[PDB]
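This document opens with one chain alone, in structure tokens, the form deposited in one PDB entry.
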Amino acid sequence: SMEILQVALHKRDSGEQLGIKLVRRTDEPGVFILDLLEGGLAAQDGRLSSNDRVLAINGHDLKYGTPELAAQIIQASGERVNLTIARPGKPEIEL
């Protein structure tokens, strides 16, 4: 199963980073959150997590995107950055 979420962050100035480390994988398409940077907007917001897949940013499709494409979109954004997320899998497993 997967959860689909939407997270809105607000840039204080046009050059502020979001505080996210985005990666590609060789074995599946998409752009994924690896980790959030300390003290950054995303961390402060508290909703995004490692292994989230970024499906879209501000209505721009990222399903088959790249980290560079995400960077272009974010760097050119307005103040509000809305991310649509897919979060797969079980949060707890007994094994």
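One rule holds for the numbers: they count along the sequence shown, beginning at 1.
There is another form of this protein, the form deposited with a partner chain bound, and it is not shown here; the text below is about that form.
Asker: Examine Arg24 and determine whether its closest non-hydrogen atom to its partner chain in the deposited bound form is within 4.5 angstroms.
Answerer: Yes, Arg24 is a contact residue.
Asker: Do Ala56 and its partner chain share at least one heavy atom pair within 4.5 Å in the deposited bound form?
Answerer: Outside the cut-off, so no.
Asker: Just to confirm, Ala43 within 4.5 Å of its partner chain in the deposited bound form by heavy atoms?
Answerer: Contact with its partner chain, no.
Asker: Answer with yes or no whether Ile74 is in contact with its partner chain in the deposited bound form, where contact means some heavy atom within 4.5 Å.
Answerer: Yes, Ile74 sits close enough to its partner chain in the deposited bound form that at least one of its heavy atoms falls within 4.5 Å.
Asker: For the spot marked by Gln17, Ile20 and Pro67, is every residue within 4.5 Å of its partner chain in the deposited bound form through some heavy atom?
Answerer: The answer is yes: all three residues contact the partner (heavy atom, 4.5 Å cut-off).
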